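**Student:** Before I ask anything, here's the sequence and the deposited coordinates:
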There are 2 protein chains.
Amino acid sequence: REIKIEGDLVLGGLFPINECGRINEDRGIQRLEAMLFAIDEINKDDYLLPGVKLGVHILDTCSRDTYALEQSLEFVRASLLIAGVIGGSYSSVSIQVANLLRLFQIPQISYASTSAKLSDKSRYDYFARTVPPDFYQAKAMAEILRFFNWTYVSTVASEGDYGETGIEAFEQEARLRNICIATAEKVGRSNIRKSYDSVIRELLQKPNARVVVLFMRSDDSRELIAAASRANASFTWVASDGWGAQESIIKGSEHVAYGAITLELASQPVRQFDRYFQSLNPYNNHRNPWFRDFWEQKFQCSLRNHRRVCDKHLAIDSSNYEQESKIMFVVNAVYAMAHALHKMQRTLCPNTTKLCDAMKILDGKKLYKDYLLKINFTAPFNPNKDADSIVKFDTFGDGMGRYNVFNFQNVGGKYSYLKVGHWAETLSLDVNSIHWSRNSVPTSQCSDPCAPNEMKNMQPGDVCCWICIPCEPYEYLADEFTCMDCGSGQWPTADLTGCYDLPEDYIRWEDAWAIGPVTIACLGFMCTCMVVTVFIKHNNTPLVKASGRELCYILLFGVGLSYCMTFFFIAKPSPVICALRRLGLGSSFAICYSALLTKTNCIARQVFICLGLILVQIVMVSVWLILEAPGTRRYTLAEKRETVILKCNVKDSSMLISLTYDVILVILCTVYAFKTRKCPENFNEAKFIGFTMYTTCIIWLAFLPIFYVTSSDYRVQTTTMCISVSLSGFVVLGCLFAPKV
Amino acid sequence: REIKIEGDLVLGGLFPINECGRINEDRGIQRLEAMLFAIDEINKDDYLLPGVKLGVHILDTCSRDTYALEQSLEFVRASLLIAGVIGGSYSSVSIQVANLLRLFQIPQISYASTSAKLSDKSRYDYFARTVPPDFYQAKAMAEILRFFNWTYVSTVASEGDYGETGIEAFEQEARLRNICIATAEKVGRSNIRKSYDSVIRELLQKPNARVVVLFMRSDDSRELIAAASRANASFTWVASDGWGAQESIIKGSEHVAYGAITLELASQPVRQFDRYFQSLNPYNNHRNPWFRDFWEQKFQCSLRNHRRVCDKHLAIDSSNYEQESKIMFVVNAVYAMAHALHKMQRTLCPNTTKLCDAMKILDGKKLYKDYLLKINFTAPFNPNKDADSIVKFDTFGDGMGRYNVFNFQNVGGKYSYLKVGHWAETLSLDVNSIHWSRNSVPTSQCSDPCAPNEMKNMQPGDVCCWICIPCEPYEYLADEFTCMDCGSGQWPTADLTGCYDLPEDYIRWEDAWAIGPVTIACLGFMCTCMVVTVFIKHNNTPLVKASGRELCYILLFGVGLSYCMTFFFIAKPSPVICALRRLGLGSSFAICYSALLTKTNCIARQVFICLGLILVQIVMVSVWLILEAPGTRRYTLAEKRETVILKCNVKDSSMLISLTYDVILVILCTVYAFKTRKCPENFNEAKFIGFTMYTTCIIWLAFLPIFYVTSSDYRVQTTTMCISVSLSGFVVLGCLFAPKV
Ligand SMILES: COc1cccc(C(=O)N[C@H]2C[C@@](N)(C(=O)O)[C@@H]3[C@@H](C(=O)O)[C@@H]32)c1
Ligand SMILES: COc1cccc(C(=O)N[C@H]2C[C@@](N)(C(=O)O)[C@@H]3[C@@H](C(=O)O)[C@@H]32)c1
Ligand SMILES: *[C@@H]1O[C@H](CO)[C@@H](O)[C@H](O)[C@H]1NC(C)=O
Ligand SMILES: *[C@@H]1O[C@H](CO)[C@@H](O)[C@H](O)[C@H]1NC(C)=O
């Protein structure tokens, strides 16, 4: 089981064919028929090793680490001849052969070993890939979980030298663009969490992690899809090139990965392969001893007594297979050895064409410094040469990171893969053909964004998580993380940034006071109207002649003003109104004192009536000073969180100070009118004035101490002030008209 | 630089000597002079390979991975002779030589390679240690962070195949005994966090992680102590056997690790070593070419023109060195090869003694199945044979986990290590000789335990962290995580589990009422006393004869009872007292109705006085029914969070219902006594009774509507009820005595 065609030079090469059940049919013998294709297409091509036939010596690796070492001794046991192997297509296969070809100085060219450990050039100093490392693959998994703003993800990586050193470079590149990984764990096949149902349940315990980064190998992604359909669930499988663009890892679970996003490595494929690999039947196939049963296992044929025996019209056309992505890399990484062993011949022995004596030892260290910086044109089957087709190794012997972004679009019945994107500067994937799980762009964040009514961003200690919590309704949410207050008087709008002020109320609308006391004040116009018969119609009455005929024009005209000052208590507050209420209340109780205590010396006496007529302005001039000097415009009281009630610019004691200027003259009114409690003059002094000395001004000391207790203060001061003069309007001044007529 | 002494058989062995600056002097040539000691002590010992001389072929490893492979080819390049190597003392040295000795079937016996990857017997099937794995070392780091209850730790492990597979078995054994690791990171020498100041600052950003699990190698623990003293800080270094019991990793930082707890592997050392290694001078030392400059580098001597040249009286006694712990393991793991190559000779060729023809090929696979189950007595220098000294491999080729627990006690000036503990069942370390950092048993938990006044355990989503938060003061903290309420009436004690009830108040102490109204009631005894002159002294008065002489014994005796029912309003509430208040208040106002409305028909009238004398019990019999049928015991009102005020078992309307039974007879009292407002009989009816018809019962309708408004209800009903009868006690019944005398 090893090909041996002779040649003046020998190229090695060890390929994963077995897996020893299957022949692997996609990344296996579809690559061994490509490297052997290029060797068949070198010896015919002149000006590239002319006259020096290249022969190969190929062995399988059985897709296993410690079996590759037993097959790697077939090269070097003649050295204790080979001028370079073509590496191993897997990762753990090609690490622990570079730890044995290093000792004999044999160069190794891998073509798929995307691992980060193989750039430490102090240990593997004979290892140049033609595939970019996995640091440029975590960089395409941070810029693809930020173009969709997924933040709360859950990474899964297989154990070994591929996952654990390709996910330790993702956790140090997802904690740099604020991506919060929930659950990271191993899945590998040596007793960590080897039950695949024990790890698909852990990804189901989190309900808010629908984006799972599958950085696993090609073995633990056909046993994590065959264990994510039994224990039935679904996510958005974002996966590395372990999954890749393989249509044989998904052969029996075509509905659970129906929105998967995988990224292969970008390759414009070769177009002379499908005229060669398609024309290889088991009848005409000599060299490789694994191709004689490849068509047996692929087409399920036979050659013991199994199913349908091979008919000769069974070939491999484009209805069977699609050419693998990493077939450009196989024919590229074998010409790089063919450009090294040609430029060496142009240096050591340029006069001769065949193998000289100076190139018969094959100095390995000199072969690694004539080759590591060797750029070239291309694999010559791919056109657009200058448009990114230059094979070129870096200082570490790598390629350039060029990553297509595939998608598992299940649209045409046949569940096929489909390209959407790019890399190397550009995240250029177009969201118009990407199908998804449940046909929607999914979200995975730690906490949901909530309503902007009272919530706020409260991130306790980290960046990826927060919590929305209600705050006060009088505040505004300005900085979107802590709401702030605007103060009393103003109320925030629906935007929760600015606050709008409020007026007081419609005091004059009804309030059970815009119709009640003004109807009592509607009869207040009838107090002076009913007393107008004493005024002008019957001014020559003998009882009025013995009364204060000049005094009743002060005693009853202001009684109508006491029935008129309540009108200003219902209008809008203003310096023309609420300061006039300070001028009105002093004028209203300028009659209850000047017609009770003064009329004891006038109506129950004109030699001193000039001082009594000047007694109304005895404090009213000083009351004019307190109605002019302090602030007499407006105010606005603010109670608990909803009050804009606009009282005038005084206090309760300021009205009490004006109340003290007149009621003290009414306090000693009945004390100065207690002597005439039995003896009248015209049956009116002891019969009427003593009643208004007691009963009238007691109401002036009843509701007035209650004026500083109430809150709305609607009719406690408007009605009762106008109602208190109706006693002294009728029982002493309208009472005289009762026996008149 | 390789020892070669001949023999009929050959034992290998590769030791870490260089590091190529130092000769490492503790784990290096103090081991190579021990394996070569046992080979010098085998050929003299009969009955253990008799007549077959054992020769060694020893090479250095330079303490490096990929340099051991260039020296491992010196054994096997004659096979493309050696009958077994004695392994590599390091971890990464002895993994990637078992991946090359496996191919030629050569057994390898390590003696310090404590790693968990080397028990996967599908790959390294020619590798039997004599040191227990690292799964039994994480099991001694979970049971040592639970005996001190440290929970919030921060693990640090070096990169490679020792740390990352010895700390991935600690994180899966610290999340099993509730130990919450804060910061886990790599420190290894390939561009992860290779600045050691960048990782000692990350352990300083957490202020609550003073316990750091140092699972690093012997290289990143002399550059993490030489970078934890420059950027000066201190912790409690709990460290694996990378640190171990080495007194050369701490040579210049003897104060920063002064409370360190390290665990080596338990070994009762050999006692024939210090008679052999102490007697090896550079004059008499032939074989090993590294010992000729070992004493040059150890004693800082010379042999270009450096310091003090070697005098011949310079030897190595017990004042220089202490024998390493893993020297029992070197002489043990080389006799296991000597018991394998002896029991094979007793099987294949027992008739002859020397090497026969059947043992001249040295079948390697048969050498690994005659040996892997081979128990033996001991290395024969260690006594107490049956007391745990049996060399024995398990099914995976291991030892038994026996771990001493050292301590860096800096007590004697010379900062020496000191043993405290044990393992293999028992955490038996005794906390009486353990010095610490700052002489205290440290703590590292996520959140501190708080005061039990109002706090509670609030663990949001995890187990390792919580938060203490204050709750209500009327609740008790029962379950130590959520405080619970006990309800009104009872108040929790200092234990915050049980609640104690409260009485109401001392109502009769002062309350501005235990001296005020009772002094007014002290004169209440003087109302009947001043009226006693009308009672017995002057009962034959003509004004009293025209008055109700039989009626005043009902009108004034109950007036003293109205001055006596206020006494029950100050005593303790009870069915004898507060239900008597219901019987008293009806009896108190059985006089204000029967001497105002009834005395209008008696004192201002005996043909109908028998119905008036029966009018006191006209509703009092039904008032006795409501004083007997409902609940008449007690009650207890509970206001907001502090109130146990015990009113009697009625409502305010229940007293109002008793008030409605008598005051309605007093409501129509003045209406029935409004006719005699001008005409008296003995100048007492229209002059006194009409005053008590108006002024007395108006006070009965003044304070009684205020009795259901007050909260404390101290003197609003006790004083004013007794004060209201003083009007009808004096102005109508004491007023008649005023013109009498
Ligand atoms: C089955 O045993 C193992 C062990 C380790 C890895 C893998 C594995 O899945 N390798 C995958 C991913 C790959 N990009 C890489 O080199 O890791 C290349 C691509 C290829 O060559 O076709 C494979 C499999
Ligand atoms: C300097 O380069 C390296 C690389 C890897 C590990 C180490 C290392 O520190 N090994 C330490 C710890 C050990 N118990 C083990 O076997 O890992 C044995 C004990 C000994 O044999 O004396 C050493 C050093
Ligand atoms: C997150 O990314 C999505 C992807 O288009 C975008 O629509 C959205 O606006 C982004 N959110 C923020 C806050 O930038
Ligand atoms: C935690 O361990 C220490 C170590 O002795 C012990 O004293 C303490 O009581 C333990 N705490 C609990 C809650 O068991």
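**Tutor:** Arrived safely, thanks for sending. Residues are numbered from 1 along each chain as shown, chains lettered A, B, ... in the order given. Ligands and ions are numbered 1, 2, ... in the order given.
**Student:** just to confirm, which helix or strand has residue A:154 in it?
**Tutor:** Assigned by DSSP states H and E, residue A:154 falls within strand A:152-157.
**Student:** Can you list the strands that that strand pairs with?
**Tutor:** Sheet pairing for strand A:152-157, assigned by DSSP bridges, gives strand A:180-181 (parallel), strand A:185-186 (parallel), strand A:211-214 (parallel).
**Student:** Just confirm yes or no for that strand near ligand 1.
**Tutor:** No. Using Cβ under 6 Å from any ligand atom, strand A:152-157 never reaches ligand 1; the gap is at least 11.4 Å. In this view, the C-beta of every residue, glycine as well, is placed from N, C-alpha and C.
**Student:** what does chain A have sitting close to chain B?
**Tutor:** Contact residues (Cβ under 8 Å from any Cβ of the partner chain) of chain A with chain B: A:65-66, A:69-70, A:73, A:77, A:80, A:96, A:99-100, A:102-103, A:120, A:123, A:164, A:168, A:186, A:190.
**Student:** Following the chain onward from the strand holding residue A:154, which element is next?
**Tutor:** Counting by DSSP H and E, the next helix or strand C-terminal to strand A:152-157 is helix A:171-174.
**Student:** so which helix or strand takes in residue A:34?
**Tutor:** Taking DSSP H and E as the criterion, residue A:34 maps to helix A:29-40.
**Student:** can you give me the strands in the stretch 451-600 of chain A?
**Tutor:** A:475-476, A:484-485, A:490-492, A:499-501 (DSSP state E, counting those that start in this stretch).
**Student:** And the last one, what's buried?
**Tutor:** Along strand A:499-501, these residues count as buried under the neighbour rule (16 or more other Cβ atoms under 10 Å in any protein chain shown): residue A:499.
**Student:** what residues does that strand touch?
**Tutor:** Residues from elsewhere that reach strand A:499-501 (Cβ atoms under 8 Å, 6 or more residues apart in numbering or on different chains): A:476, A:486, A:487, A:489, A:490, A:491, A:492, A:493, A:644.
**Student:** circling back to that earlier point, hmm, the helix holding residue A:34 in reach of ligand 1?
**Tutor:** No. Applying Cβ under 6 Å from any ligand atom, one finds helix A:29-40 separated from ligand 1 by no less than 7.8 Å.
**Student:** Chain neighbours aside, what residue packs nearest to the closest residue to chain B within chain A?
**Tutor:** In chain A, no residue comes nearer to chain B than residue A:80, which is 3.9 Å away by Cβ to the nearest Cβ. Nearest residue to residue A:80, sequence neighbours excluded (Cβ to Cβ, 6 or more residues apart in numbering or on different chains): residue B:80, at 3.9 Å.
**Student:** Could you check how far that neighbour is from residue A:77?
**Tutor:** According to Cβ to Cβ, to the nearest Å, residue B:80 and residue A:77 sit 5 Å apart.
**Student:** end-to-end on stretch A:246-260?
**Tutor:** One end of stretch A:246-260 to the other measures 12 Å (Cα to Cα, to the nearest Å).
**Student:** Measure how far that stretch is from the centre of its chain, please.
**Tutor:** Centroid displacement of stretch A:246-260 relative to its chain, using Cα atoms, centre = their mean, to the nearest Å, is 32 Å.
**Student:** So is it next to ligand 1?
**Tutor:** No. Residues of stretch A:246-260 are not located near ligand 1 by Cβ under 6 Å from any ligand atom, the shortest gap being 8.1 Å.
**Student:** before we move on, the earlier item: keeping just the C-alphas, turn the helix holding residue A:34 into CSV.
**Tutor:** Taking Å, rounded to 0.1, in the frame of the first residue of the first chain, the C-alpha atoms of helix A:29-40 are listed here in CSV:
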residue,chain,number,x,y,z
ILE,A,29,-8.1,10.3,-2.8
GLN,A,30,-9.4,13.5,-4.5
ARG,A,31,-6.1,14.9,-3.3
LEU,A,32,-3.7,12.0,-4.1
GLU,A,33,-5.0,12.1,-7.7
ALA,A,34,-4.0,15.8,-7.7
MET,A,35,-0.5,15.7,-6.4
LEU,A,36,0.2,12.7,-8.8
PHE,A,37,-1.5,14.8,-11.5
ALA,A,38,1.1,17.6,-11.1
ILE,A,39,4.0,15.1,-11.2
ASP,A,40,2.5,13.7,-14.4
